[PDB]
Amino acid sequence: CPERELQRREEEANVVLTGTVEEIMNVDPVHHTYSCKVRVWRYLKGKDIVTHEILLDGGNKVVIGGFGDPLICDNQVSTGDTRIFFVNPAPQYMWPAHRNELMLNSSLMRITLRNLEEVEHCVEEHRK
């Protein structure tokens, strides 16, 4: 499965965060996708966006849908998994199915210093 260059992935994602998958949510029969409740650790990008467009659960939990999407290479998660999430707020025309949800935009990434550093780097450059 081919994935896009990290630079384009950072581009097509207004929000990049890190967190833990606490629970698997319901399935989306229409798109053959599922959602999960995630406990956010830190935002690598788009924190302001999530603050003004998402109603948070317990102030540190978000729901991310889009898991299982065939077009995304690394797209599976289990309870307890920790990853870097490249996401976008759920668009209007996807309500109320995915209202108040972040949708996976690209492949999940493992938590390692290399990854954290590389992503911050691209978030840093592009931000100029």
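All residue numbers refer to positions in the sequence shown, first residue = 1.
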Is the mean CA B factor in the deposited entry higher across 75 to 83 or across 96 to 104?
96 to 104
Looking at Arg39, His31, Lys45, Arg42, which has the biggest Cα B factor in the entry?
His31
Comparing against every modelled residue in the chain, figure out the third that the C-alpha B-factor of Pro91 lands in (lowest, middle or highest).
highest
If you rank the chain by CA B-factor, which third does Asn26 end up in: lowest, middle or highest?
highest
Could you place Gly68 in the lowest, middle or highest third of its chain by Cα temperature factor, using the values in the record?
middle
